[PDB]
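Heads up, the chain below is alone and in the form deposited in one PDB entry; it's given as structure tokens.
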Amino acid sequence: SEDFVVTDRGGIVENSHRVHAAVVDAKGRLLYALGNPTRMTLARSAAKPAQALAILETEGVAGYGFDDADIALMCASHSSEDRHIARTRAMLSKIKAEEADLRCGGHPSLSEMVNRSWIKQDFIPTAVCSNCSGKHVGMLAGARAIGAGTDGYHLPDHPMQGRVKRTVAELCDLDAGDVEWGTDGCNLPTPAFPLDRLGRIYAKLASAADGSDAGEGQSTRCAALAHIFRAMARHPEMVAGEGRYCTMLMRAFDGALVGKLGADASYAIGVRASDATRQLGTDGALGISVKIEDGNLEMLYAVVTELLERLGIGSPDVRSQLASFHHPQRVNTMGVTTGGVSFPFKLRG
């Protein structure tokens, strides 16, 4: 099916971007789709909650005293704000590691205002500034916890990566051979699986949170999932930072969902049971996964907000906090409005 977000200058088509989306229930049954909802998709940072699970399920990790903020950073593509780097350093301290132990590299900040601040001060970002720094410290913590040694914690043949590989396939309900692996910008293995399975991970996150809240019997696995949901909802500034879609989405909704960006314009949302989900004809939590085929971030945020509006997730009041993402500014160097965005797609049911 033929689903585009379209940008226009004076009603004249500028760019068009192909949209894929899956809305799934708690068991990962497909409720709603755009484009191809099973598109083989690199989840990139959208997978970090599942990598966080592998760290949290590593024997001895509880001993380090990681708090909800720390777990939030494990789940983060953060903007590398001073407060992100400070929490990375404090997490290194809790496991008696140093920055030299990190196998991720510096890069320009995911926030242009942070990056401009760095440029002004001639600052060259190092390992500790990685958007992925919290995940790498988690991996160091897991490595040391089982006495596997911290050297090579990032390599596919290290037991930490064997744990991550198994945990991703389990959460997706996939055989090992159905998950493909490349290398991320931060130099860890990174999975690809059908986009609907990314929605399933986040439906299980939200369903865990629901199960915890309703005093139900839970595996250690569901209890860990609910703790990850809780940490992301509680400290959304650690997951992203000031002005970032994921932070403003999670603050607007105040514990009702979690949202996570993946690089090259993936998005995942886990939504707790609500009048909205019941309305959509499911009894449980749901998951939403989205890919912009061509990788455009600005179009991703526009489409995710349009999707929430079409699914009736939130009130119009809540969703209005995301107005500048939904209909991004199309204004020239002289303050004249030159065009906008349109959403000529229909959700299939």
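Note that residue numbering follows the sequence shown and begins at 1.
In this entry, the higher average B-factor at the C-alpha atoms falls on 118-126, of the pair 118-126 and 189-197. In this entry, 330-338 shows the higher mean Cα temperature factor of the pair 330-338 and 14-22. Across the residues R244, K204, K260, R234, the deposited record lists the maximum Cα B factor for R234. Highest C-alpha temperature factor among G215, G182, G270, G142, as the PDB entry reports it: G215. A52: CA B factor lies in the middle third for its chain, per the PDB record.
The entry lists a Cα temperature factor for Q321 that places it in the highest third of the chain's modelled residues. Residue-level temperature factors show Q279 in the highest third of its chain, judged at the C-alpha atom. Among the modelled residues of its chain, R83 has a C-alpha B-factor that falls in the middle third, as given in the PDB entry.
In the PDB entry, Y301 places in the lowest third of its chain by CA B-factor.
Just so you know, the form deposited with a small molecule bound exists too; it's not on screen, but the next bit is about it.
When contacts are judged by a 4.5 Å heavy atom cut-off, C132 counts as touching the small molecule in the deposited complex. Taking the partner from elsewhere, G270 is found to have every heavy atom lying beyond 4.5 Å of the small molecule in the deposited complex. The small molecule in the deposited complex is approached by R44, whose closest heavy atom lies within 4.5 angstroms of it. Among heavy atoms of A256, none comes within 4.5 Å of the small molecule in the deposited complex. Of the listed positions (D101, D184, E81, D210), a single one reaches within 4.5 angstroms of the small molecule by any non-hydrogen atom in the deposited complex, namely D184. Listed residues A224, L92, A263, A145 were compared with the small molecule in the deposited complex; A263 is the one with a heavy atom within 4.5 Å.
Proximity to the small molecule in the deposited complex, taken as heavy atoms within 4.5 Å, picks out 185-193 from the listed stretches 146-154, 185-193, 201-209, 247-255.
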